[PDB]
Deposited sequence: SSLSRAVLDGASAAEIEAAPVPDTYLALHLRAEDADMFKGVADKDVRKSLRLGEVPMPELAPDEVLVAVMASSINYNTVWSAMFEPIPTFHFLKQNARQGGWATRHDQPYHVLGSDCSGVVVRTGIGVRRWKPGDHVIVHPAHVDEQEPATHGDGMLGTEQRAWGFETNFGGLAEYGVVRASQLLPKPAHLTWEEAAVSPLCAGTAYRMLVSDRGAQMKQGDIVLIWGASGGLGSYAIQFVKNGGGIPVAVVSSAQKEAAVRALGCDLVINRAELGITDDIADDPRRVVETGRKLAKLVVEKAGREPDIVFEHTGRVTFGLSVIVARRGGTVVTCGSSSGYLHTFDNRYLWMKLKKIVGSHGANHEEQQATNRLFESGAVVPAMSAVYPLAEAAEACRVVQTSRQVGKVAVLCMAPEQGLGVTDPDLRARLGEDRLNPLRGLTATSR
């Protein structure tokens, strides 16, 4: 449209405001009618359920912003949606909508996915403060109710707290996204669109788990065991740990995954191939011995995110008074050794600003390893579904090519293209 052409030309705010908002737009989405299609199936191929096509543009609520999405990224919640697992997302959309008012727009026969993105503001509701058409933004997933009392103690704790594009519609894997003003932050000027896009969900989550006072809250000198360290979450967890003056010990399962974590500066590396009932107890003793060997003590904090076997082990190997922080699901390993387990996901608007400030300074860098065009977004989802990636897989949306969107080139030069892209061209 004239609007996308104006955004891509980087036109003035008055030009953007003058260009008309189109009636529909191109979006990676699911269809309600397909919710049951994988009923019998062992391998729920994500490419079978995913559609790319025109969906209707919704009316903007007063506290919402319409964002022309330049790039987005694949997340695991995207893979789960497309699998319809473990409950199809249309159930979440109906729940959302039972609130009434503006929330009823979320209940549609279609669901636009995508929980991250970078882009350009094109419209704001009349209750939106500061943001204007033309502004470069990042969007993080915490879609919350600022009227709820719990939100004012912790953005993540509200009963209405939702993940954008997973439990809400109008997500990022599209030409346009609809978001609350409290999901928006200024784009780090020195990054490309795709670079900026891959961070908010994964880096924010890791930040909450590790740095923030609402998580493990590490300190310099802590030893941190990081499971699945070469993936999206582990890639930022390694970086926050080094930056904080901690000592990361990564667990990987392959030569290539080992190479990825070394690229992020994790030199203490354990290969899962030594080992991974009574065998869980034993394996834990093996693991604990290796951490002491490599780092000097048992870990102070264990970081885990599969929710599989690694969770039980985490509890075993954490030091007495240690903390396990987790995402995804012998009593004496808990109470006898006085340990703590912190269940965490996402991050509130304050934490995401803190995470952003760390990218704005270059203290932390994006974990982008691959870029797919929006026309190939289904295959990028499959690649994440089959664990063929290290770090993050970005998707160009409205951006017609890679390398666009840098508005502080001098800074980018100072920091270094390669420093900024440690995982470029790497896979699993």
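Asks: Where along the deposited sequence are residues missing from the model?
Replies: Several regions go unmodelled: 277-284, 338-345, 445-447.
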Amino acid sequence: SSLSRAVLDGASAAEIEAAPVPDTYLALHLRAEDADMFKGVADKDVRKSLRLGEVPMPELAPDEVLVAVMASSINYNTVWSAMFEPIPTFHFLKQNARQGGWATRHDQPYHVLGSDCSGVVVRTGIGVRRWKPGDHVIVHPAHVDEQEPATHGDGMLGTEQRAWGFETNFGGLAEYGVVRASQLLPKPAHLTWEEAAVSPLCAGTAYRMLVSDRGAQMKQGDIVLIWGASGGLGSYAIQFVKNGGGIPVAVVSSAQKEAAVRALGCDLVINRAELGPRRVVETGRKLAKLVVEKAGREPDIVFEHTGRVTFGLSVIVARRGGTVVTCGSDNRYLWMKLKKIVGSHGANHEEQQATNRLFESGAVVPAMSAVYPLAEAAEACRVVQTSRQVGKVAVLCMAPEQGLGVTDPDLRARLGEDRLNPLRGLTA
From here on, numbers count along this sequence of modelled residues.
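Asks: Of 167-175 and 94-102, which one has the bigger average CA B-factor?
Replies: Of 167-175 and 94-102, the stretch with the higher C-alpha B-factor average is 94-102.
Asks: Comparing 85-93 with 155-163, which has the greater mean CA B-factor as deposited?
Replies: Looking at the recorded C-alpha B-factors, 85-93 comes out higher on average.
Asks: Whose CA atom has the top B-factor in the entry, of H345, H190, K132, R308?
Replies: Most elevated C-alpha B-factor of the set, per the entry: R308.
Asks: Sort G244, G231, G265, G322 by C-alpha B-factor from the entry and give me just the highest.
Replies: Among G244, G231, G265, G322, the PDB entry lists the largest C-alpha B-factor for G265.
Asks: Based on the deposited C-alpha B factors for this chain, I'd like to know if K339 is in the lowest, middle or highest third.
Replies: Its C-alpha B-factor, which the entry lists for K339, ranks in the highest third among residues of this chain.
Asks: Comparing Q239 with the other modelled residues of its chain, is its CA B-factor in the lowest, middle or highest third?
Replies: Lowest third of the chain for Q239's C-alpha B-factor.
Asks: Ranking every modelled residue in this chain by its Cα temperature factor as given in the entry, which third contains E146?
Replies: Answer is middle: the recorded C-alpha B-factor places it there.
Asks: Against its chain's modelled residues, does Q183's Cα B factor rank lowest, middle or highest third?
Replies: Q183: CA B-factor falls in the lowest third of its chain.
Asks: Tell me, lowest, middle or highest third: where does the Cα B factor of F38 rank within its chain?
Replies: Top third by C-alpha B-factor.
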